[PDB]
């Protein structure tokens, strides 16, 4: 017995993420029978157990498409939720980010999220330390380029292509994010204790940190 909690609505959902169609019809103000709707809209005939035996199901994307096709008061409310969501997403609203993460059925997905957010925390801290210590455009990307090469082995474009992503960090493992997070934590220390200057050893130190990390990682397979 599972629901997809979105804003104020609770939609019954299957183990594999499909919505209970009867509920979907109510949410979209669809009033005809479900097979009337399947025929009219070209939707699959598919069944899922929502705790009361086999019932008609609809994918989330299909639900969303129907919301953007129908003009019922109900459908227009869902279009409205899509407008508000995009605005809040574009603005970085972490409450929305939390709600999204909570809807994920896999605890492991959130462990990955935490790994990502912490490696980003570390990466930014390195940026902030770097700026405060002779900030120069070009340095920010030189630092990332070093990390990608040492941790992933390929340029960010190579990885974006190889792994099917629009951004490298959407395709990285927890381990890769943690290896990168570690390197940034170390470099930020070295400079803020070894007092480096400008864009030279701040890139010299980062190179040293990343290559040591690289060896440590390869060394784990030697030990």
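Positions refer to the first chain, counted from 1.
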{"property": "Per the entry, higher mean C-alpha B factor between 162 to 170 and 51 to 59", "result": "162 to 170"}
{"property": "Of 7 to 15 and 206 to 214, the one with larger mean CA B-factor", "result": "206 to 214"}
{"property": "Among 117, 87, 128, 98 - the residue whose C-alpha B-factor is largest in the record", "result": "128"}
{"property": "Out of 111, 103, 80, 132, highest CA B-factor residue", "result": "132"}
{"property": "Residue 191 by Cα B-factor - lowest, middle or highest third of the modelled chain", "result": "highest"}
{"property": "Residue 39 CA temperature factor, ranked by third within the chain", "result": "highest"}
{"property": "Lowest, middle or highest third - CA B-factor, residue 92", "result": "lowest"}
{"property": "Among modelled residues of the same chain, the CA temperature factor third for residue 24", "result": "middle"}
{"property": "Ranked C-alpha temperature factor of residue 33 among modelled chain residues, by third", "result": "middle"}
